[PDB]
């Protein structure tokens, strides 16, 4: 099935993101606010234990990540996704690329934009309006996240947590 690896921030940041997600993010009812660490992938069920297996080691050789949120931004015109930008760090970069090693082997490691999505699947007009009111909305939040979660997708598209991994 489909697996995903993400970071779930403090609820203060989840609530913040949800105050906007409730109206502009179809994923609202699919998964809590989050920061993707690896593009979701397909993995064979009996080839999962080694998965969890590798994630533990990646986790053990890492430390809690500091997340400095500084502004709202978009991926347009590449994608009408609006999000809370997170200042990229070498730590974030290293974990992301490690998630493309071993049994999560390769095909990648890159231009990684750590972010917390607050809106997507927006028409261009939809997008202008939101980015508009969302531009004059300041944001200055910083925190440390000490774990990441492995998830799998349901038939309805939602995501369920399989295992949590502590950092360091």
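Residue numbers count along the first chain shown, from 1.
Averaged over Cα atoms, the B-factor as recorded in the entry is higher for 131-139 than for the other of 131-139 and 113-121. The PDB entry reports B-factors from which the mean C-alpha value can be compared for 14-22 and 140-148; the larger average falls on 140-148.
Based on the entry's C-alpha B-factors, the most elevated value among 67, 37, 43, 58 belongs to 43. Residue-level temperature factors show residue 80 in the middle third of its chain, judged at the C-alpha atom. Among the modelled residues of its chain, residue 167 has a C-alpha B-factor that falls in the highest third according to the deposited record. Ranked within its chain, residue 48 lands in the highest third, by CA B factor from the PDB record. Among the modelled residues of the chain, residue 27 sits in the lowest third by CA temperature factor in this PDB entry.
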